[PDB]
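Structure first, then comments.
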Amino acid sequence: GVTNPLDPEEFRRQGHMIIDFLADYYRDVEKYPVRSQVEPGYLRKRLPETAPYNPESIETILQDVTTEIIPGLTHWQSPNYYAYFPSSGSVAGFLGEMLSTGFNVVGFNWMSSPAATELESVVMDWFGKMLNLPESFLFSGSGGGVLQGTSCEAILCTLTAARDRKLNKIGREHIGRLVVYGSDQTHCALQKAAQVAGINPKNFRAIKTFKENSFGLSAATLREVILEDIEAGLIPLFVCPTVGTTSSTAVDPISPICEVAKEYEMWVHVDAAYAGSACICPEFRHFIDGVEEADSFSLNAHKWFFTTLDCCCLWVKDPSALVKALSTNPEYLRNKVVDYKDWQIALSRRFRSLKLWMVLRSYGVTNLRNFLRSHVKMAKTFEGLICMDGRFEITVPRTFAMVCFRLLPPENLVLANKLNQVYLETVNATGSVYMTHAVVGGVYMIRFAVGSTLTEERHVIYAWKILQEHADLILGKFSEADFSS
Amino acid sequence: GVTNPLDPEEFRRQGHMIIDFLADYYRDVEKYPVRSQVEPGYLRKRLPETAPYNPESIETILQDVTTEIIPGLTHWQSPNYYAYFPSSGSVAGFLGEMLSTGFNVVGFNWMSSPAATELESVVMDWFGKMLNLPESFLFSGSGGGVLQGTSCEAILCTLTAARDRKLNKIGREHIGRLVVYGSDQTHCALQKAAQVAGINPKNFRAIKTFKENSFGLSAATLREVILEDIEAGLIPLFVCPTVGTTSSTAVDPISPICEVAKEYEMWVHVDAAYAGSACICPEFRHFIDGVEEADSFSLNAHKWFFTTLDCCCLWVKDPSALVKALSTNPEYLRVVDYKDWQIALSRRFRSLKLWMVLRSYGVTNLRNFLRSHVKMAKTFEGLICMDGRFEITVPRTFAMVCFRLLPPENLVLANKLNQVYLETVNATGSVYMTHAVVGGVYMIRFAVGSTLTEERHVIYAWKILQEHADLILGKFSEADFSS
Ligand SMILES: Cc1ncc(COP(=O)(O)O)c(CNN[C@@](C)(Cc2ccc(O)c(O)c2)C(=O)O)c1O
Ligand SMILES: Cc1ncc(COP(=O)(O)O)c(CNN[C@@](C)(Cc2ccc(O)c(O)c2)C(=O)O)c1O
């Protein structure tokens, strides 16, 4: 006897085990060290080298999940986790994938699941109006929205949409002259997107940012660089302002960047990946002011909107530009029911809209706003606690729920960077908290970003006390010779 | 106060609701019409225009799933679903993504979750040895395997690394001379991959296939086209032999194609998205014979390996080529940085999906699972051969039959006959199959693969095909299809 792999009753049986296994996880997630403490190669030695010929009980697999898999996790959901940007999830977002995985439809056209395409077009207008985007970006007006996996894939489709738009006008042999623009703080997804699309690696620009502008891109400096490319015979094509960069959570001013990009007929993709979600709150919406002149806008719902990884939201003014670059239909039908596969790189589309649908319904706009707000006040609190300690300084202004700081010693920039390097890694090696760094403007600053869904105010104070405890211990036995190397 | 959106008790309470909800769905899934019967725009009318300002009870949400979302589903998981290619699911694969959604870790480097990277390299060697792949593709030898979301992006990363392999030898100004090769049966993922990767639209070849070899690509025909392109000033770059094409499950001979591709220093990517999973069985492994002389191999483990959607398995012989092409570190610089093997930076715990499926079912049963699918299709093929008014159009290779109803200029007539006949079967909502036009002949595809599909469902589908064959042919007139 061999029970069918999709037995409804065995599905129910084993399914409840995991739901209780994961509920127990979120309950006791505080007890593991946040950053994993295993050595590289630990798993190849604790597991067999071949697949088993006969079945293994789930009660055995779940046990090995506890002893082999779990010690090899860096607990992104731990309430004492602040590294990088949040992997923000929720119950509503979790059950979104569960229904999407249970149904297991492949929405590569409208017929394969009408609801999997039409619902995505509804909730992208829900989230559009919440962000108060102009009618040019959503389906009520003359635009559209698509759900994908990464911003990097979303930036790519946009880049090739802009690229093909230009090369269709002037010719394909000029791909070696197209230039892609971003600041030196723009995330490395823009560079990778350029590399894949056939953009020349010598034609990728990392415009310099200064501390005077808090490391935001200067429309003056950008246009300076463009004139160099035009004088050199290059074709400027694609510029990517960022609202909430990865290192110093810096913000670029889009309204004068579209000014410059309009002059030289460019594409303005605006990349709020992390910080885009906070713009559903009126007090933060000013950060994407000037997005009405850009060609596309990108935010990542798994970073700061409780929809589980992965879920990336792309809005475009001209969804036909993606159709003409990504559809495999002949080039005389792309200019003539939504076929969302022509808006992205993934043909086998997933029922990703169920995640967003359940998050917006199960919490509503009012509570969804306060969630993001609470993460901002918690970091705002952390920023104020830093300020009342004369041993720390704030390196750059806080914009959205992430604080950058540094423990100054009693050029010394080399010395203050080795101090923070040793101070940070000592706090991180305890396993009690986890937070990363960034070298911005030569300074070595520690990044404290609050966003874990299970993070409460008591955890920020716990991290503050641990930062203070090591501050005492590090500076108490201070000696330049220990850090002057 | 305000309940936390990740409360353990609220997680577990609503978590068991959906588990019962889906087990209920898998029980009654046979009652819905397989192909959706809603009209375009049905859901914008039944739903609000704005997101709610106040939370809605999970109980009320699930009622709108049954009454508004389920009518808009084409039941890929129905036991009577034979359209396109299977969406192979299983309990184990479901628990793999739910375990990987509960942790919800981002695997963009080894430290963000070592097990997310380490486990991915064990299961891909488990699989690799299970398909009897050469040691050149495994981590034990001198290769490597990476799990990606789709084939279109797996074919991409190899395409955008084969290009970088050659363009870094001859200079990047020759991108307009690189030719991408495939048959006219090769899936449109190769065209799209070449489109995104900068290959010129004029330089995509869809080499012709003939019925004389069941529409598999001929290395002789491939070589004729290559010399044609060399004398045109072009540079042959990349060939993609397909094992089990989407239209008629044709097989391109891999070994002679690599022979031609080594003459002209080409990249041979084997596409086995559907068929590859069946080479676990030693009696099927001969289809990817010659993969030892290729550069990359890819199968989708959502079509025929019970891992739900999505799970694509790429085995590259030289993982340096991907890294050197997809990493963003300076070119003088390029543990496992798996993100440098694909287009996705924030990578997910796909390994659990493939881990549970291999572990809880075992090698012995997994073969019998695929063997069962093939055998049911091999039985449906035998039923067609007893009804004298049907014709098997092309040889059945894996678990999919291509048949057509014959009538009692003639091709146009018969092609219209099967179109009307097929859509009358599909419109009942009882069963669901799709078609293809291979060699100008309209044929019906019967793809057995749904995990819930038993033998009585195939026999049930045979009866319905016969009741409509009796029906359309009983009142046959040339004029009804001469239009
Ligand atoms: C500002 C910005 N834009 C784009 C991206 C890349 O998009 P993606 O990798 O999702 O496709 C980033 C990347 N940010 N990634 C982090 C900050 C780490 C990270 C944290 C939480 C997540 O949910 C993800 O996916 C990544 C990194 O350091 O690389 C970005 O910041
Ligand atoms: C032989 C072959 N190679 C590649 C692809 C593209 O892979 P992906 O789209 O997964 O990146 C295909 C596509 N096949 N897709 C179907 C058969 C529809 C389909 C059926 C069942 C599924 O689980 C998926 O994902 C798609 C099509 O007809 O296009 C392919 O056949």
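Within each chain, counting starts at residue 1; across the structure tokens, chains are named A, B, ... in the order shown, with ligands numbered 1 upward in that order.
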
task = Excluding residue 208 of chain A and any residue of its chain fewer than 5 positions from it, enumerate the residues within 9 Å of it, using only C-alpha atoms, and give them as a list in words.
result =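 Contacts, with the query itself left out: residues 183, 184, 185, 215, 217, 218, 221 and 222 of chain A.
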
Take the residues from that selection and write them out as a PDB file, in the first residue's frame, keeping N, CA and C atoms.
ATOM      1  N   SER A 183      23.498  56.571  -8.170  1.00  0.00           N
ATOM      2  CA  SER A 183      24.473  57.059  -7.209  1.00  0.00           C
ATOM      3  C   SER A 183      25.343  55.913  -6.702  1.00  0.00           C
ATOM      4  N   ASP A 184      26.485  56.273  -6.110  1.00  0.00           N
ATOM      5  CA  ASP A 184      27.335  55.265  -5.491  1.00  0.00           C
ATOM      6  C   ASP A 184      26.676  54.610  -4.287  1.00  0.00           C
ATOM      7  N   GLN A 185      25.518  55.112  -3.861  1.00  0.00           N
ATOM      8  CA  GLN A 185      24.728  54.501  -2.804  1.00  0.00           C
ATOM      9  C   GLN A 185      23.577  53.657  -3.337  1.00  0.00           C
ATOM     10  N   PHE A 215      24.277  62.250   1.528  1.00  0.00           N
ATOM     11  CA  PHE A 215      24.530  61.140   0.614  1.00  0.00           C
ATOM     12  C   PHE A 215      23.342  60.853  -0.300  1.00  0.00           C
ATOM     13  N   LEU A 217      21.593  61.750  -4.090  1.00  0.00           N
ATOM     14  CA  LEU A 217      22.069  62.116  -5.418  1.00  0.00           C
ATOM     15  C   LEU A 217      21.729  63.566  -5.742  1.00  0.00           C
ATOM     16  N   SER A 218      22.684  64.264  -6.351  1.00  0.00           N
ATOM     17  CA  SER A 218      22.522  65.664  -6.725  1.00  0.00           C
ATOM     18  C   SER A 218      22.105  65.756  -8.188  1.00  0.00           C
ATOM     19  N   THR A 221      24.963  67.300  -9.993  1.00  0.00           N
ATOM     20  CA  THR A 221      26.090  66.428 -10.307  1.00  0.00           C
ATOM     21  C   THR A 221      25.723  65.418 -11.388  1.00  0.00           C
ATOM     22  N   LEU A 222      24.483  64.926 -11.373  1.00  0.00           N
ATOM     23  CA  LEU A 222      24.054  63.972 -12.391  1.00  0.00           C
ATOM     24  C   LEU A 222      24.150  64.584 -13.780  1.00  0.00           C
TER      25      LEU A 222
END

Could you list, with a cut-off of 7 Å and counting only C-alpha atoms and all ligand atoms, the residues of chain B near ligand 2, each shown with its nearest atom pair and the distance in Å rounded to one decimal, rows sorted by chain and ascending number, as a tab-separated table?
residue	atom	partner	partner_atom_place_in_ligand_line	distance
B:84	CA	ligand 2	17 (C)	4.8
B:85	CA	ligand 2	20 (C)	4.0
B:86	CA	ligand 2	21 (C)	4.8
B:87	CA	ligand 2	23 (O)	4.1
B:88	CA	ligand 2	23 (O)	6.9
B:150	CA	ligand 2	11 (O)	3.7
B:151	CA	ligand 2	11 (O)	3.4
B:152	CA	ligand 2	11 (O)	4.0
B:153	CA	ligand 2	11 (O)	6.4
B:186	CA	ligand 2	1 (C)	6.7
B:187	CA	ligand 2	2 (C)	5.1
B:189	CA	ligand 2	6 (C)	5.3
B:242	CA	ligand 2	1 (C)	6.1
B:243	CA	ligand 2	1 (C)	6.9
B:244	CA	ligand 2	1 (C)	6.1
B:245	CA	ligand 2	1 (C)	4.7
B:246	CA	ligand 2	31 (O)	4.0
B:271	CA	ligand 2	3 (N)	5.6
B:272	CA	ligand 2	1 (C)	5.8
B:273	CA	ligand 2	3 (N)	4.8
B:274	CA	ligand 2	1 (C)	6.0
B:300	CA	ligand 2	10 (O)	6.2
B:302	CA	ligand 2	23 (O)	5.2
B:303	CA	ligand 2	23 (O)	4.4
B:309	CA	ligand 2	23 (O)	6.9

Write out the residues from the selection above, keeping C-alpha atoms, as a compact mmCIF listing (two decimals), in the first residue's frame.
# COMPACT_ATOMS: atom_id res chain seq x y z
CA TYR B 84 -0.67 21.74 -20.77
CA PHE B 85 1.81 20.17 -18.34
CA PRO B 86 1.20 19.03 -14.76
CA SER B 87 1.52 21.26 -11.71
CA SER B 88 2.87 18.40 -9.64
CA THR B 150 11.77 29.16 -13.20
CA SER B 151 13.36 27.79 -16.37
CA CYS B 152 13.09 31.07 -18.31
CA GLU B 153 15.48 32.58 -15.77
CA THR B 186 11.72 24.76 -28.42
CA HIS B 187 9.70 26.58 -25.76
CA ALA B 189 11.61 30.71 -22.97
CA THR B 242 14.94 20.01 -25.70
CA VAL B 243 13.95 16.72 -24.04
CA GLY B 244 10.17 16.44 -24.11
CA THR B 245 9.02 19.54 -25.96
CA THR B 246 5.90 21.33 -24.79
CA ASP B 271 16.05 21.84 -21.46
CA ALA B 272 14.23 19.00 -19.69
CA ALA B 273 11.69 21.07 -17.76
CA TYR B 274 8.92 18.48 -17.94
CA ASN B 300 11.36 22.13 -13.44
CA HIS B 302 6.88 21.66 -10.33
CA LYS B 303 5.92 19.84 -13.54
CA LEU B 309 5.34 25.83 -7.61

key: All residues having an atom within 7 Å of ligand 1 (only C-alpha atoms and all ligand atoms) as number ranges by chain   = A: 84-87, 149-153, 186-187, 189, 242, 244-246, 271-274, 300, 302-303, 309; B: 106, 108, 344-346

key: Neighbour list for residue 396 of chain B as a PyMOL selection string, cut-off 10 Å, only C-alpha atoms, skip fewer than 5 positions in-chain   = chain B and resi 244+248-250+374+377-378+381+401-403

query = From the set B:176, B:418, B:194, B:69, which residue has the shortest atom-to-atom contact distance to residue 327 of chain A, counting only C-alpha atoms?
reply = B:194

Give me, as a tab-separated table (two decimals) with N, CA and C atoms, in the first residue's frame, all polymer residues having an atom no more than 9 Å from segment 384-394 of chain A, counting only C-alpha atoms and skipping those fewer than 6 positions away in the same chain.
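Result file is selection_13.tsv:
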chain	number	residue	atom	x	y	z
A	403	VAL	N	18.52	53.62	12.29
A	403	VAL	CA	19.45	54.54	12.92
A	403	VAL	C	20.87	54.09	12.62
A	404	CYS	N	21.72	55.04	12.24
A	404	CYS	CA	23.15	54.81	12.07
A	404	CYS	C	23.89	55.54	13.17
A	405	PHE	N	24.81	54.85	13.85
A	405	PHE	CA	25.54	55.44	14.95
A	405	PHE	C	26.97	54.92	14.95
A	406	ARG	N	27.76	55.40	15.90
A	406	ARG	CA	29.18	55.09	15.99
A	406	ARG	C	29.65	55.38	17.41
A	407	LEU	N	30.51	54.51	17.93
A	407	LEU	CA	31.12	54.69	19.25
A	407	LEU	C	32.46	55.38	19.07
A	408	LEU	N	32.52	56.69	19.37
A	408	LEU	CA	33.75	57.44	19.18
A	408	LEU	C	34.77	57.10	20.27
A	409	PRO	N	36.06	57.15	19.94
A	409	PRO	CA	37.08	56.93	20.96
A	409	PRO	C	37.29	58.19	21.79
A	410	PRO	N	37.90	58.07	22.98
A	410	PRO	CA	38.11	59.20	23.90
A	410	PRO	C	38.73	60.44	23.24
A	445	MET	N	29.97	53.15	10.28
A	445	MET	CA	28.82	53.34	11.14
A	445	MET	C	28.06	52.03	11.32
A	461	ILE	N	15.25	48.37	23.92
A	461	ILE	CA	15.95	48.71	25.16
A	461	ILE	C	16.95	47.61	25.52
A	464	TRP	N	19.83	48.28	23.42
A	464	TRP	CA	20.51	49.47	23.93
A	464	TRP	C	21.34	49.14	25.17
A	468	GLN	N	25.31	49.40	25.49
A	468	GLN	CA	25.92	50.17	26.57
A	468	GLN	C	26.86	49.31	27.41
A	471	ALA	N	29.95	49.01	25.46
A	471	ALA	CA	30.60	50.32	25.42
A	471	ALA	C	31.43	50.55	26.67

request  = Check the DSSP output for the backbone and give back, as number ranges by chain, the residues of segment 112-300 of chain A in alpha helix (DSSP H).
outcome  = A: 114-130, 151-170, 189-196, 219-231, 254-263

inquiry  = Could you go through segment 205-450 of chain A and tell me which residues DSSP, when run on the backbone, assigns to strand (DSSP E or B), listing them as a ChimeraX atom specification?
reply    = /A:205-207,235-239,242-243,251,267-271,296-300,312-316,392-394,402-407,434,437-440,443-449

Selection above as a file: C-alpha atoms, as an mmCIF file, in the first residue's frame:
data_model
loop_
_atom_site.group_PDB
_atom_site.id
_atom_site.type_symbol
_atom_site.label_atom_id
_atom_site.label_comp_id
_atom_site.auth_asym_id
_atom_site.auth_seq_id
_atom_site.Cartn_x
_atom_site.Cartn_y
_atom_site.Cartn_z
ATOM 1 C CA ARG A 205 27.788 55.229 -13.618
ATOM 2 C CA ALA A 206 28.066 55.551 -9.825
ATOM 3 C CA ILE A 207 27.523 59.275 -9.315
ATOM 4 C CA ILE A 235 23.556 57.703 -25.164
ATOM 5 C CA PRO A 236 22.058 58.421 -21.712
ATOM 6 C CA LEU A 237 19.115 56.113 -21.164
ATOM 7 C CA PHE A 238 18.136 55.115 -17.619
ATOM 8 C CA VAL A 239 18.417 56.787 -14.198
ATOM 9 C CA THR A 242 16.545 55.660 -4.540
ATOM 10 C CA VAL A 243 14.325 56.506 -1.565
ATOM 11 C CA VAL A 251 16.856 59.678 0.084
ATOM 12 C CA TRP A 267 13.823 56.631 -17.996
ATOM 13 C CA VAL A 268 13.360 57.380 -14.299
ATOM 14 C CA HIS A 269 12.856 54.212 -12.249
ATOM 15 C CA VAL A 270 12.370 55.149 -8.630
ATOM 16 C CA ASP A 271 13.528 52.556 -6.235
ATOM 17 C CA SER A 296 8.171 53.517 -12.932
ATOM 18 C CA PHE A 297 8.145 52.940 -9.180
ATOM 19 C CA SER A 298 9.307 49.861 -7.301
ATOM 20 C CA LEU A 299 8.744 48.794 -3.703
ATOM 21 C CA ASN A 300 9.330 45.517 -1.956
ATOM 22 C CA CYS A 312 7.773 43.011 -5.019
ATOM 23 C CA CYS A 313 5.347 45.644 -6.333
ATOM 24 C CA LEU A 314 6.080 47.462 -9.608
ATOM 25 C CA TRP A 315 4.008 50.334 -11.006
ATOM 26 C CA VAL A 316 4.500 51.687 -14.532
ATOM 27 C CA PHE A 392 28.112 57.668 20.700
ATOM 28 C CA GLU A 393 27.393 59.981 17.779
ATOM 29 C CA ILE A 394 24.763 59.857 15.040
ATOM 30 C CA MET A 402 16.741 52.895 10.820
ATOM 31 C CA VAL A 403 19.452 54.543 12.919
ATOM 32 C CA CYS A 404 23.148 54.810 12.067
ATOM 33 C CA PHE A 405 25.541 55.436 14.954
ATOM 34 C CA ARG A 406 29.180 55.091 15.993
ATOM 35 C CA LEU A 407 31.117 54.693 19.252
ATOM 36 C CA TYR A 434 22.225 41.221 15.395
ATOM 37 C CA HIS A 437 27.430 48.140 9.428
ATOM 38 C CA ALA A 438 28.227 50.338 6.438
ATOM 39 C CA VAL A 439 31.220 52.385 5.284
ATOM 40 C CA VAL A 440 29.659 55.645 4.077
ATOM 41 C CA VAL A 443 33.118 56.567 8.292
ATOM 42 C CA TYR A 444 32.334 53.124 9.708
ATOM 43 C CA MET A 445 28.817 53.343 11.141
ATOM 44 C CA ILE A 446 26.675 50.691 12.830
ATOM 45 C CA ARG A 447 23.239 50.169 11.279
ATOM 46 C CA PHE A 448 20.310 49.716 13.685
ATOM 47 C CA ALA A 449 17.160 49.059 11.631
#

inquiry  = Taking only C-alpha atoms into account, name the residue in B:160, B:142, B:426, B:148 that is nearest to residue 267 of chain B.
reply    = B:160

message = Taking only C-alpha atoms into account, name the residue in A:105, A:323, A:29, A:70 that is nearest to residue 113 of chain B.
response =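 Nearest to residue 113 of chain B: A:70.
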
request  = For segment 331-341 of chain A, list every protein, DNA or RNA residue within 9 Å, evaluated using only C-alpha atoms, and leave out those in the same chain fewer than 4 positions away; present the list as an MDAnalysis selection string.
outcome  = (chainID A and resid 107:110 114 117:118 121 146:147 320 323:327 345:349) or (chainID B and resid 40:41)

task = Show which residues sit within 12 Å of segment 473-480 of chain A, as a PyMOL selection string. Count only C-alpha atoms, and ignore same-chain residues fewer than 2 positions away.
result = chain A and resi 391-392+407-410+412+414-416+418-427+466-471+482-485

Within 12 Å of residue 328 of chain B using only C-alpha atoms, minus same-chain residues under 2 positions, as a list in words =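 After dropping sequence-adjacent residues, the list is residues 187, 188, 189, 190, 191, 192, 193, 194, 195, 196, 201 and 204 of chain A; 322, 323, 324, 325, 326, 330, 331, 332, 333, 334, 337, 339, 340, 341, 342, 343 and 345 of chain B.
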
May I have the selected residues written with N, CA, C and O atoms, as a compact mmCIF listing (two decimals), in the first residue's frame?
# COMPACT_ATOMS: atom_id res chain seq x y z
N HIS A 187 21.73 50.57 -4.68
CA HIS A 187 22.02 49.17 -4.42
C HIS A 187 22.54 48.48 -5.67
O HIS A 187 22.21 48.85 -6.80
N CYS A 188 23.37 47.44 -5.46
CA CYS A 188 24.01 46.69 -6.54
C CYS A 188 23.02 45.88 -7.38
O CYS A 188 23.46 45.09 -8.23
N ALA A 189 21.71 46.03 -7.18
CA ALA A 189 20.75 45.40 -8.09
C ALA A 189 20.69 46.15 -9.41
O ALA A 189 20.44 45.53 -10.46
N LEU A 190 20.91 47.47 -9.40
CA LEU A 190 20.90 48.24 -10.64
C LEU A 190 22.07 47.86 -11.52
O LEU A 190 21.93 47.77 -12.75
N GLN A 191 23.24 47.65 -10.92
CA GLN A 191 24.41 47.22 -11.70
C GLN A 191 24.18 45.83 -12.30
O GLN A 191 24.47 45.61 -13.48
N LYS A 192 23.67 44.90 -11.50
CA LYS A 192 23.40 43.55 -12.01
C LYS A 192 22.32 43.58 -13.09
O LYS A 192 22.41 42.85 -14.08
N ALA A 193 21.29 44.40 -12.90
CA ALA A 193 20.27 44.54 -13.93
C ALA A 193 20.87 45.05 -15.23
O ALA A 193 20.51 44.59 -16.32
N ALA A 194 21.80 46.01 -15.13
CA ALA A 194 22.47 46.50 -16.33
C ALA A 194 23.31 45.40 -16.97
O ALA A 194 23.29 45.23 -18.20
N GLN A 195 24.05 44.64 -16.16
CA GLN A 195 24.92 43.60 -16.70
C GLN A 195 24.14 42.58 -17.51
O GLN A 195 24.58 42.17 -18.59
N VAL A 196 22.99 42.15 -17.01
CA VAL A 196 22.24 41.10 -17.69
C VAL A 196 21.66 41.61 -19.00
O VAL A 196 21.68 40.92 -20.02
N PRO A 201 29.53 47.15 -19.30
CA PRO A 201 30.02 47.40 -17.93
C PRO A 201 30.80 48.70 -17.80
O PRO A 201 30.85 49.28 -16.71
N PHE A 204 28.32 51.95 -16.87
CA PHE A 204 27.55 52.01 -15.64
C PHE A 204 28.16 53.10 -14.76
O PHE A 204 29.35 53.05 -14.45
N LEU B 322 28.67 31.33 -14.57
CA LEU B 322 27.59 32.11 -13.97
C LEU B 322 28.15 33.23 -13.11
O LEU B 322 27.82 34.40 -13.32
N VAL B 323 28.98 32.88 -12.12
CA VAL B 323 29.55 33.86 -11.20
C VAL B 323 30.23 34.99 -11.96
O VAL B 323 29.93 36.17 -11.74
N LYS B 324 31.15 34.65 -12.87
CA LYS B 324 31.87 35.67 -13.63
C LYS B 324 30.91 36.57 -14.40
O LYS B 324 31.26 37.71 -14.71
N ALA B 325 29.70 36.09 -14.67
CA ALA B 325 28.71 36.84 -15.44
C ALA B 325 27.69 37.57 -14.58
O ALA B 325 27.24 38.66 -14.96
N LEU B 326 27.31 37.01 -13.43
CA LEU B 326 26.19 37.55 -12.66
C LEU B 326 26.58 38.27 -11.38
O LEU B 326 25.74 38.98 -10.82
N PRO B 330 33.85 43.67 -8.80
CA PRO B 330 34.71 43.97 -9.96
C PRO B 330 35.28 42.70 -10.59
O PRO B 330 35.47 41.67 -9.93
N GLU B 331 35.56 42.79 -11.89
CA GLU B 331 35.87 41.61 -12.69
C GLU B 331 37.19 40.96 -12.28
O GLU B 331 37.43 39.80 -12.66
N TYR B 332 38.04 41.65 -11.53
CA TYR B 332 39.28 41.06 -11.04
C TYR B 332 39.10 40.29 -9.73
O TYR B 332 40.08 40.06 -9.02
N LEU B 333 37.87 39.89 -9.41
CA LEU B 333 37.59 39.25 -8.13
C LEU B 333 36.83 37.94 -8.34
O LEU B 333 36.93 37.02 -7.52
N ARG B 334 36.08 37.85 -9.43
CA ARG B 334 35.28 36.66 -9.71
C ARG B 334 36.07 35.63 -10.49
O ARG B 334 35.68 34.46 -10.57
N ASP B 337 28.43 31.54 -2.74
CA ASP B 337 27.59 32.71 -3.00
C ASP B 337 26.57 32.33 -4.07
O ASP B 337 26.73 32.61 -5.26
N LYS B 339 23.76 33.47 -4.80
CA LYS B 339 23.11 34.58 -5.49
C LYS B 339 23.84 34.99 -6.76
O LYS B 339 23.24 35.62 -7.63
N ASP B 340 25.12 34.64 -6.88
CA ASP B 340 25.88 34.92 -8.09
C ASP B 340 25.62 33.90 -9.20
O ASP B 340 26.26 33.98 -10.25
N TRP B 341 24.71 32.95 -8.98
CA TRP B 341 24.36 31.96 -9.98
C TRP B 341 23.06 32.27 -10.70
O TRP B 341 22.71 31.56 -11.65
N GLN B 342 22.32 33.29 -10.27
CA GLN B 342 21.00 33.54 -10.83
C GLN B 342 20.67 35.02 -10.75
O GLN B 342 21.45 35.84 -10.27
N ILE B 343 19.46 35.35 -11.24
CA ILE B 343 19.02 36.74 -11.34
C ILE B 343 18.42 37.25 -10.04
O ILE B 343 18.31 38.48 -9.86
N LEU B 345 18.41 38.07 -6.15
CA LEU B 345 19.30 38.37 -5.05
C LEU B 345 18.79 37.87 -3.74
O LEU B 345 19.51 37.22 -3.04

request  = Give the answer as one residue: which of B:222, B:419, B:296, B:240 has the shortest atom-to-atom distance to residue 138 of chain B, using only C-alpha atoms?
outcome  =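 Nearest candidate to residue 138 of chain B out of B:222, B:419, B:296, B:240: B:296.
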
remark   = Counting only C-alpha atoms, closest pick from B:398, B:53, B:305, B:76 relative to residue 5 of chain A is B:305

note = Using only C-alpha atoms, the shortest atom-to-atom distance to chain A among B:443, B:335, B:472, B:206 belongs to B:335
